>>> print(open('upload_0.cif').read())   # mmCIF, N, CA and C atoms and all ligand atoms
data_final
#
loop_
_atom_site.label_atom_id
_atom_site.label_comp_id
_atom_site.auth_asym_id
_atom_site.auth_seq_id
_atom_site.Cartn_x
_atom_site.Cartn_y
_atom_site.Cartn_z
N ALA A 1 -104.18 71.65 54.08
CA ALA A 1 -103.35 70.67 53.37
C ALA A 1 -102.70 69.70 54.36
N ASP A 2 -102.14 68.61 53.85
CA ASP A 2 -101.53 67.64 54.74
C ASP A 2 -100.12 68.08 55.13
N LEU A 3 -99.55 67.38 56.12
CA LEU A 3 -98.29 67.81 56.72
C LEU A 3 -97.14 67.77 55.72
N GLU A 4 -97.11 66.75 54.85
CA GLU A 4 -96.00 66.64 53.92
C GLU A 4 -96.00 67.78 52.90
N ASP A 5 -97.18 68.25 52.50
CA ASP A 5 -97.24 69.36 51.55
C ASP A 5 -96.84 70.67 52.20
N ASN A 6 -97.28 70.91 53.45
CA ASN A 6 -96.85 72.10 54.17
C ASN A 6 -95.35 72.13 54.37
N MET A 7 -94.73 70.96 54.58
CA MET A 7 -93.29 70.90 54.74
C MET A 7 -92.58 71.19 53.43
N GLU A 8 -93.14 70.73 52.31
CA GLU A 8 -92.57 71.06 51.01
C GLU A 8 -92.65 72.56 50.75
N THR A 9 -93.74 73.20 51.21
CA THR A 9 -93.87 74.65 51.06
C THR A 9 -92.81 75.39 51.86
N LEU A 10 -92.53 74.92 53.08
CA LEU A 10 -91.48 75.52 53.89
C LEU A 10 -90.11 75.33 53.24
N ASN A 11 -89.82 74.10 52.79
CA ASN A 11 -88.50 73.81 52.24
C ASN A 11 -88.27 74.57 50.93
N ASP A 12 -89.32 74.69 50.11
CA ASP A 12 -89.17 75.34 48.81
C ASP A 12 -89.02 76.85 48.94
N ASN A 13 -89.82 77.47 49.81
CA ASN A 13 -89.76 78.92 49.94
C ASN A 13 -88.49 79.39 50.65
N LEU A 14 -87.86 78.53 51.44
CA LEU A 14 -86.53 78.86 51.95
C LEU A 14 -85.51 78.93 50.81
N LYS A 15 -85.65 78.05 49.82
CA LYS A 15 -84.83 78.15 48.62
C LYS A 15 -85.14 79.42 47.84
N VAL A 16 -86.42 79.80 47.77
CA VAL A 16 -86.80 81.03 47.09
C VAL A 16 -86.17 82.24 47.77
N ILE A 17 -86.11 82.22 49.11
CA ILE A 17 -85.67 83.39 49.85
C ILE A 17 -84.17 83.63 49.66
N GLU A 18 -83.37 82.57 49.69
CA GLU A 18 -81.93 82.73 49.53
C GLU A 18 -81.52 83.06 48.10
N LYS A 19 -82.38 82.80 47.11
CA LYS A 19 -82.11 83.21 45.74
C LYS A 19 -82.65 84.59 45.41
N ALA A 20 -83.46 85.18 46.30
CA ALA A 20 -84.14 86.43 45.99
C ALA A 20 -83.17 87.61 45.97
N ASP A 21 -83.56 88.64 45.23
CA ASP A 21 -82.79 89.87 45.11
C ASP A 21 -83.63 91.10 45.42
N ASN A 22 -84.89 90.91 45.81
CA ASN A 22 -85.79 92.02 46.11
C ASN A 22 -86.62 91.67 47.34
N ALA A 23 -87.08 92.72 48.04
CA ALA A 23 -87.80 92.52 49.28
C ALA A 23 -89.19 91.92 49.04
N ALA A 24 -89.84 92.31 47.94
CA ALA A 24 -91.18 91.78 47.66
C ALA A 24 -91.16 90.27 47.51
N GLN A 25 -90.12 89.74 46.86
CA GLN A 25 -90.02 88.29 46.68
C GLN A 25 -89.80 87.59 48.02
N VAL A 26 -89.03 88.20 48.92
CA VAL A 26 -88.78 87.60 50.23
C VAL A 26 -90.06 87.59 51.06
N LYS A 27 -90.77 88.72 51.07
CA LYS A 27 -92.01 88.82 51.84
C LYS A 27 -93.05 87.83 51.34
N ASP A 28 -93.13 87.63 50.02
CA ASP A 28 -94.10 86.69 49.48
C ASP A 28 -93.80 85.26 49.92
N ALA A 29 -92.53 84.86 49.88
CA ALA A 29 -92.17 83.50 50.28
C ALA A 29 -92.38 83.29 51.77
N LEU A 30 -92.05 84.29 52.59
CA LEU A 30 -92.29 84.20 54.03
C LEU A 30 -93.78 84.13 54.33
N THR A 31 -94.59 84.88 53.58
CA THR A 31 -96.04 84.85 53.78
C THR A 31 -96.59 83.44 53.56
N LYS A 32 -96.08 82.73 52.56
CA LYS A 32 -96.55 81.38 52.30
C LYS A 32 -96.02 80.40 53.35
N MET A 33 -94.79 80.62 53.83
CA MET A 33 -94.27 79.80 54.91
C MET A 33 -95.10 79.96 56.18
N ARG A 34 -95.54 81.19 56.46
CA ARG A 34 -96.38 81.42 57.63
C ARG A 34 -97.69 80.64 57.53
N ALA A 35 -98.30 80.62 56.35
CA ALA A 35 -99.54 79.87 56.17
C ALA A 35 -99.30 78.38 56.33
N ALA A 36 -98.23 77.87 55.71
CA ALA A 36 -97.93 76.44 55.80
C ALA A 36 -97.58 76.04 57.23
N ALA A 37 -96.91 76.92 57.97
CA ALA A 37 -96.54 76.60 59.35
C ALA A 37 -97.77 76.53 60.24
N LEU A 38 -98.68 77.51 60.12
CA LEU A 38 -99.90 77.49 60.91
C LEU A 38 -100.81 76.34 60.51
N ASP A 39 -100.75 75.89 59.26
CA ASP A 39 -101.55 74.75 58.85
C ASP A 39 -100.91 73.44 59.31
N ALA A 40 -99.58 73.37 59.31
CA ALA A 40 -98.87 72.20 59.81
C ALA A 40 -99.06 72.01 61.32
N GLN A 41 -99.34 73.10 62.04
CA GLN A 41 -99.55 73.05 63.48
C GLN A 41 -100.79 72.25 63.87
N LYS A 42 -101.78 72.15 62.99
CA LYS A 42 -103.02 71.46 63.29
C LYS A 42 -102.99 69.99 62.90
N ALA A 43 -101.87 69.49 62.41
CA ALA A 43 -101.76 68.10 61.98
C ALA A 43 -101.14 67.25 63.07
N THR A 44 -101.25 65.93 62.89
CA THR A 44 -100.61 64.96 63.77
C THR A 44 -99.63 64.14 62.95
N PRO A 45 -98.34 64.13 63.29
CA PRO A 45 -97.37 63.39 62.50
C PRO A 45 -97.48 61.90 62.75
N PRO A 46 -97.04 61.07 61.79
CA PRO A 46 -97.23 59.61 61.94
C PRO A 46 -96.68 59.02 63.22
N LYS A 47 -95.51 59.48 63.68
CA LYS A 47 -94.89 58.89 64.86
C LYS A 47 -95.47 59.42 66.17
N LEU A 48 -96.47 60.29 66.12
CA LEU A 48 -97.17 60.77 67.31
C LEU A 48 -98.66 60.44 67.26
N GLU A 49 -99.06 59.50 66.41
CA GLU A 49 -100.48 59.24 66.22
C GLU A 49 -101.11 58.62 67.46
N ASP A 50 -100.32 57.96 68.29
CA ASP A 50 -100.82 57.30 69.49
C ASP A 50 -100.89 58.24 70.69
N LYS A 51 -100.63 59.53 70.48
CA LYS A 51 -100.60 60.52 71.55
C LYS A 51 -101.81 61.44 71.45
N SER A 52 -102.19 62.01 72.58
CA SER A 52 -103.27 62.97 72.67
C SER A 52 -102.73 64.38 72.46
N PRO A 53 -103.60 65.35 72.14
CA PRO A 53 -103.10 66.72 71.91
C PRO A 53 -102.40 67.34 73.10
N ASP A 54 -102.76 66.98 74.33
CA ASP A 54 -102.14 67.59 75.50
C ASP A 54 -100.95 66.79 76.01
N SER A 55 -100.57 65.72 75.34
CA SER A 55 -99.36 64.98 75.68
C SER A 55 -98.15 65.91 75.52
N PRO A 56 -97.08 65.68 76.29
CA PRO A 56 -95.90 66.54 76.14
C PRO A 56 -95.34 66.58 74.73
N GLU A 57 -95.44 65.47 73.99
CA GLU A 57 -94.93 65.46 72.62
C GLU A 57 -95.76 66.34 71.70
N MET A 58 -97.09 66.31 71.85
CA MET A 58 -97.95 67.10 70.97
C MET A 58 -97.97 68.57 71.35
N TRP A 59 -97.87 68.90 72.64
CA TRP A 59 -97.65 70.29 73.02
C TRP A 59 -96.33 70.79 72.45
N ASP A 60 -95.30 69.94 72.48
CA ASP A 60 -94.00 70.32 71.93
C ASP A 60 -94.07 70.43 70.41
N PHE A 61 -94.85 69.56 69.76
CA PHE A 61 -95.02 69.62 68.31
C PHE A 61 -95.66 70.93 67.89
N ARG A 62 -96.76 71.31 68.54
CA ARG A 62 -97.40 72.58 68.23
C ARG A 62 -96.53 73.77 68.64
N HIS A 63 -95.77 73.64 69.73
CA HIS A 63 -94.92 74.73 70.19
C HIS A 63 -93.83 75.05 69.18
N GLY A 64 -93.34 74.04 68.45
CA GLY A 64 -92.30 74.28 67.47
C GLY A 64 -92.76 75.18 66.34
N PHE A 65 -94.04 75.10 65.97
CA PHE A 65 -94.56 75.97 64.92
C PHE A 65 -94.85 77.37 65.43
N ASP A 66 -95.16 77.50 66.73
CA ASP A 66 -95.24 78.83 67.33
C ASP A 66 -93.92 79.57 67.22
N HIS A 67 -92.81 78.87 67.47
CA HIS A 67 -91.50 79.51 67.39
C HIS A 67 -91.07 79.73 65.94
N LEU A 68 -91.47 78.83 65.04
CA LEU A 68 -91.17 79.02 63.63
C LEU A 68 -91.86 80.26 63.08
N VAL A 69 -93.15 80.43 63.41
CA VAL A 69 -93.88 81.63 62.99
C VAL A 69 -93.27 82.87 63.63
N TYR A 70 -92.78 82.74 64.87
CA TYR A 70 -92.10 83.85 65.53
C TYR A 70 -90.90 84.33 64.71
N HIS A 71 -90.09 83.40 64.20
CA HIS A 71 -88.96 83.77 63.37
C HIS A 71 -89.41 84.25 61.99
N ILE A 72 -90.50 83.68 61.47
CA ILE A 72 -91.03 84.14 60.19
C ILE A 72 -91.50 85.59 60.29
N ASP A 73 -92.19 85.92 61.38
CA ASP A 73 -92.68 87.28 61.57
C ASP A 73 -91.54 88.27 61.70
N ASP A 74 -90.47 87.90 62.42
CA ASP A 74 -89.31 88.78 62.53
C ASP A 74 -88.66 88.99 61.17
N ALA A 75 -88.53 87.93 60.38
CA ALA A 75 -87.99 88.07 59.03
C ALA A 75 -88.93 88.88 58.15
N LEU A 76 -90.24 88.68 58.31
CA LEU A 76 -91.22 89.48 57.58
C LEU A 76 -91.09 90.95 57.93
N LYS A 77 -90.79 91.25 59.20
CA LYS A 77 -90.58 92.64 59.60
C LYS A 77 -89.33 93.22 58.95
N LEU A 78 -88.25 92.44 58.90
CA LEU A 78 -87.03 92.88 58.23
C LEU A 78 -87.28 93.13 56.75
N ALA A 79 -88.00 92.22 56.09
CA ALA A 79 -88.33 92.40 54.68
C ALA A 79 -89.19 93.64 54.47
N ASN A 80 -90.14 93.89 55.37
CA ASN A 80 -90.95 95.10 55.29
C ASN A 80 -90.13 96.36 55.55
N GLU A 81 -88.99 96.23 56.23
CA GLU A 81 -88.07 97.34 56.42
C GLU A 81 -87.07 97.47 55.28
N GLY A 82 -87.22 96.67 54.22
CA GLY A 82 -86.33 96.76 53.08
C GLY A 82 -84.95 96.21 53.30
N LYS A 83 -84.78 95.31 54.27
CA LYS A 83 -83.47 94.75 54.61
C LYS A 83 -83.41 93.33 54.07
N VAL A 84 -83.12 93.23 52.77
CA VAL A 84 -83.13 91.94 52.09
C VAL A 84 -82.06 91.02 52.66
N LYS A 85 -80.83 91.53 52.79
CA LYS A 85 -79.73 90.69 53.26
C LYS A 85 -79.98 90.20 54.68
N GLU A 86 -80.44 91.09 55.56
CA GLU A 86 -80.72 90.69 56.94
C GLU A 86 -81.90 89.72 57.00
N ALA A 87 -82.91 89.92 56.15
CA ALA A 87 -84.03 88.98 56.11
C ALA A 87 -83.57 87.60 55.63
N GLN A 88 -82.64 87.57 54.67
CA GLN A 88 -82.11 86.30 54.20
C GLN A 88 -81.26 85.62 55.27
N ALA A 89 -80.51 86.41 56.05
CA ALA A 89 -79.73 85.84 57.14
C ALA A 89 -80.64 85.24 58.21
N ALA A 90 -81.76 85.91 58.49
CA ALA A 90 -82.73 85.36 59.44
C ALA A 90 -83.32 84.05 58.93
N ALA A 91 -83.53 83.95 57.62
CA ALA A 91 -84.08 82.72 57.04
C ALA A 91 -83.08 81.57 57.11
N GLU A 92 -81.79 81.87 56.97
CA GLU A 92 -80.78 80.81 57.02
C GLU A 92 -80.69 80.21 58.42
N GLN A 93 -80.65 81.06 59.45
CA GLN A 93 -80.65 80.55 60.82
C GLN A 93 -81.96 79.85 61.14
N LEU A 94 -83.08 80.39 60.66
CA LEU A 94 -84.36 79.71 60.77
C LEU A 94 -84.31 78.33 60.13
N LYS A 95 -83.69 78.23 58.95
CA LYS A 95 -83.55 76.94 58.28
C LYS A 95 -82.79 75.95 59.15
N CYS A 96 -81.78 76.43 59.88
CA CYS A 96 -81.03 75.56 60.78
C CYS A 96 -81.92 75.01 61.89
N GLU A 97 -82.89 75.80 62.36
CA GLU A 97 -83.75 75.38 63.45
C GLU A 97 -84.82 74.38 63.03
N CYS A 98 -84.95 74.10 61.72
CA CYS A 98 -85.92 73.11 61.27
C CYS A 98 -85.54 71.71 61.73
N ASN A 99 -84.25 71.44 61.91
CA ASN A 99 -83.78 70.08 62.13
C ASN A 99 -84.26 69.51 63.46
N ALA A 100 -84.45 70.35 64.47
CA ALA A 100 -84.69 69.86 65.83
C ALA A 100 -86.00 69.08 65.92
N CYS A 101 -87.08 69.65 65.38
CA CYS A 101 -88.36 68.94 65.41
C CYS A 101 -88.33 67.67 64.58
N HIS A 102 -87.60 67.67 63.46
CA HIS A 102 -87.45 66.46 62.68
C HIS A 102 -86.73 65.38 63.48
N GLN A 103 -85.66 65.75 64.19
CA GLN A 103 -84.93 64.79 65.01
C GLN A 103 -85.83 64.18 66.07
N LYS A 104 -86.80 64.94 66.59
CA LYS A 104 -87.68 64.40 67.61
C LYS A 104 -88.73 63.47 67.02
N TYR A 105 -89.39 63.91 65.94
CA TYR A 105 -90.66 63.30 65.55
C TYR A 105 -90.75 62.85 64.10
N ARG A 106 -89.76 63.12 63.26
CA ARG A 106 -89.87 62.77 61.84
C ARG A 106 -89.58 61.29 61.60
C1 LIG B 1 -92.21 70.11 64.07
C2 LIG B 1 -92.81 71.21 64.98
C3 LIG B 1 -91.55 70.55 62.73
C4 LIG B 1 -90.80 71.63 62.42
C5 LIG B 1 -90.78 73.02 63.09
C6 LIG B 1 -90.48 71.51 61.01
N1 LIG B 1 -90.78 70.23 60.60
FE1 LIG B 1 -90.54 69.47 58.71
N2 LIG B 1 -91.41 67.67 59.29
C7 LIG B 1 -91.88 67.42 60.58
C8 LIG B 1 -92.35 66.05 60.64
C9 LIG B 1 -92.95 65.32 61.86
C10 LIG B 1 -92.12 65.47 59.24
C11 LIG B 1 -92.45 64.05 58.73
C12 LIG B 1 -93.85 64.08 58.14
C13 LIG B 1 -94.25 62.70 57.68
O1 LIG B 1 -95.41 62.53 57.24
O2 LIG B 1 -93.41 61.77 57.76
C14 LIG B 1 -91.54 66.55 58.47
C15 LIG B 1 -91.17 66.47 57.15
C16 LIG B 1 -90.50 67.42 56.42
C17 LIG B 1 -90.01 67.26 55.06
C18 LIG B 1 -90.17 65.99 54.21
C19 LIG B 1 -91.56 66.01 53.60
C20 LIG B 1 -91.83 64.73 52.86
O3 LIG B 1 -92.46 64.78 51.78
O4 LIG B 1 -91.42 63.65 53.36
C21 LIG B 1 -89.43 68.41 54.69
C22 LIG B 1 -88.76 68.69 53.33
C23 LIG B 1 -89.52 69.34 55.80
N3 LIG B 1 -90.18 68.70 56.84
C24 LIG B 1 -89.03 70.63 55.83
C25 LIG B 1 -89.03 71.48 56.92
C26 LIG B 1 -88.39 72.78 56.98
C27 LIG B 1 -87.59 73.43 55.84
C28 LIG B 1 -88.61 73.28 58.21
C29 LIG B 1 -88.13 74.64 58.76
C30 LIG B 1 -88.86 75.80 58.06
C31 LIG B 1 -89.40 72.32 58.95
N4 LIG B 1 -89.63 71.23 58.13
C32 LIG B 1 -89.84 72.47 60.25
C33 LIG B 1 -91.90 68.31 61.64
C34 LIG B 1 -91.43 69.61 61.64
#
>>> encode(input="upload_0.cif", output="structure tokens")
Amino acid sequence: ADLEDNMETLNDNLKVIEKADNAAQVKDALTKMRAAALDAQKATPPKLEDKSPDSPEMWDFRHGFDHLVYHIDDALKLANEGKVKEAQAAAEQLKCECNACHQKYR
């Protein structure tokens, strides 16, 4: 899918996670965020179209999704451990970290 749709998937499932009351619902939303993040990693954003993949900006662009998946996997582990509240807290701090890549390249 394109970058804007993957970003909508990330933004929407973060809303799903903070409204959830069961671990299965949290794990499902994180699973879709993981797919959207790995798919967003292969795209080129409009303001970086003049750059090559090995440019510092594009290495940094792909690196941001590596760290996002890292936090998704940790939250997925918490959800698999039945820790709904802790998984939701991980998602809130993860949500805060979304802003940095937008400030650079959005
Ligand atoms: C870079 C490695 C990113 C990180 C991590 C996240 N986002 Fe992102 N996002 C990024 C860019 C370059 C853009 C602009 C795309 C464009 O075509 O202009 C976006 C956009 C969004 C949007 C708006 C989508 C739209 O229809 O305009 C949203 C709602 C969004 N991003 C959400 C979002 C969330 C919740 C993130 C943390 C899970 C997140 N993004 C990370 C680049 C990057």
>>> atom_distance(input="upload_0.cif", atom1="atom N of residue 4 in chain A", atom2="atom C20 of ligand LIG 1 (chain B)")
6.0 Å
>>> residues_near_ligand(input="upload_0.cif", ligand="ligand LIG 1 (chain B)", cutoff="6 Å", atoms="all atoms listed in the file", output="VMD selection string")
chain A and resid 3 to 5 7 to 8 10 to 11 45 to 46 60 to 65 94 to 95 97 to 99 101 to 102 105 to 106
>>> axis_aligned_box(input="upload_0.cif", around="range 28-44 of chain A", padding_each_side="4 Å", output="AutoDock Vina command-line options")
--center_x -97.5 --center_y 75.9 --center_z 56.7 --size_x 19.0 --size_y 31.5 --size_z 22.4
>>> closest_residue(input="upload_0.cif", among="A:79, A:17, A:1, A:100", to="residue 40 in chain A", atoms="all atoms listed in the file")
A:1
>>> residues_around(input="upload_0.cif", residues="residue 73 in chain A", least_positions_apart="4", cutoff="8 Å", atoms="only C-alpha atoms", output="PyMOL selection string")
chain A and resi 34+69+77
